[PDB]
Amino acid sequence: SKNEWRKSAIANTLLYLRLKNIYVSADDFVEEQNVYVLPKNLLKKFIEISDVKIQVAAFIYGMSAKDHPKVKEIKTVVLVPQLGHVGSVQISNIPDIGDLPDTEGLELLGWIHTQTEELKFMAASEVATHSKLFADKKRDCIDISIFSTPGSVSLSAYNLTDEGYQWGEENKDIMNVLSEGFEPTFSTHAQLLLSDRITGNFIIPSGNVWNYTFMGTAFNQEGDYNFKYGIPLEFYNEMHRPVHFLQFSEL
């Protein structure tokens, strides 16, 4: 029963300023492993549409460069219907985008999301949803976790061990009261490189709306959504809150 979105919508305005400070965790370089290249424009645009407190997520699709099979260039970010929360997010199914142009040979590389908490590993909720999404579908999908906090954004990319996938399957819900035998060893540093010499684009639900906090029960996690290329709306866009306009419209 709170009116605190006001404060939050105003805050999101300034999110672009955080892009002055972009940190990417790079440990020891390895030539035997895959490296993931995220276009800087996609980071920029993805932050700008994000929220200051609520978590926001998207799938990432790309393909191996012509030269190196182990260099996975990210080509597209796919915003799907989701329901954001603090420190967690309910994400709808891996989208069907086969009918779309320029998707010839696209590989599902994993997902990307914001976070209000800096870490060296995948949190519980990260493992919970990561498993739910990719457990039965694709195990090598990575998790690009973006920690955005007043002043900067910090990017870390993780793989998930089969143990992690088991744990996530067991802990299916998001209210993890058990938190039983969680392990920072589930996740694993993944090489994430940021590049501004390659440009990427978004794919979005046909009805535009991807954020369903105010849409409420209209969010169906098992929904078959249709998609298209397009410019994603920001978190507190007009179409994301007919309620606020209705509440005002009357009386």
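Sequential numbering from 1, following the sequence displayed.
Colleague: Highest mean C-alpha temperature factor of the two stretches 189-197 and 52-60, which is it?
Modeller: It is 189-197 that shows the higher mean C-alpha B-factor.
Colleague: For the C-alpha atoms alone, is the average B factor greater in 92-100 or in 170-178, going by the entry?
Modeller: Comparing averages over the C-alpha atoms only gives 170-178.
Colleague: Can you tell me which of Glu73, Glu163, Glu107, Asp143 has the maximum CA B-factor listed in the PDB entry?
Modeller: Going by the entry's C-alpha B-factors, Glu163 comes out highest.
Colleague: Which one of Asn211, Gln33, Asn208, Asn41 shows the biggest C-alpha B-factor in the PDB entry?
Modeller: Answer for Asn211, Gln33, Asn208, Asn41: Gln33, with the highest C-alpha B-factor.
Colleague: Where does the C-alpha B-factor of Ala135 rank in its chain, lowest, middle or highest third?
Modeller: Ranked within chain, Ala135 CA B lands in the middle tercile.
Colleague: Going by the CA temperature factor in the PDB record, which third of the chain does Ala9 belong to: lowest, middle or highest?
Modeller: Bottom third by C-alpha B-factor.
Colleague: Should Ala128 be placed in the lowest, middle or highest third of its chain by the C-alpha B factor in the entry?
Modeller: CA B-factor rank for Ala128: middle third.
Colleague: Select lowest, middle or highest to describe the third in which the CA B-factor of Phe227 falls within its chain in this entry.
Modeller: It falls in the bottom third of the chain.
Colleague: Determine, from the deposited record, the chain-internal third of the Cα B-factor for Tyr23: lowest, middle or highest.
Modeller: It falls in the top third of the chain.
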